[PDB]
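Quick notes on the structure that follows.
Cβ placement follows ideal geometry from the backbone for every residue including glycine, while neighbour counts extend to all protein chains displayed. Every number here is computed from the coordinates shown, using simple stated rules; none is lab data.
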């Protein structure tokens, strides 16, 4: 339960940083 | 409670930051796409309206010729 | 109890937000590709024109050597 919440939140964070990598990658290659 | 509840806030708050950051970056990228679209929608309207005007003058110019020859 | 019940409620809708935001980025990325692929096809069509033009120019230039 509490052992499963932190693993869940760990995934959310891992997925949130993957989104950021993609979003930031886009912001670079379409500029000016 | 425990110090685990501590860093379950440090992780739940860290996610709230990235969500905010991501909404702001996707909204900017949406505006780029809206800008690029509206800019293209200008030139099509500029070009088309120039053709419509060129035909109005040529319709007007022959409305004078038809008025003279019939008068 | 009151903390972990909400700590899992937001962590459940956050999976929906990640899926929502991932949709938008997919949508935006494809638009970026479409914009890129179109101008690349245009250049490749211009290049393809110059290449066939230059192929035939070299063909006639080969006949002066035959003289």
Matching option when the condition is touching a helix residue (DSSP H, G or I) at 6+ places or on another chain (Cβ under 8 Å) and either within 12 Å of chain B (Cβ to nearest Cβ) or within 30 Å of residue B:8 (Cα to Cα) (or both), among C:35, C:9: C:35
Total residues in the stretch A:13-32, condition under 8 Å from the mean Cα position of the chain (by Cα), more than 9 Å from chain B (Cβ to nearest Cβ) and under 16 Å from residue C:23 (Cβ atoms): 2
Residues (within 7 Å of chain A (Cβ to nearest Cβ) and either touching a strand residue (DSSP E or B) at 6+ places or on another chain (Cβ under 6 Å) or within 30 Å of residue C:2 (Cα to Cα) (or both)) located in the stretch B:22-32: B:22
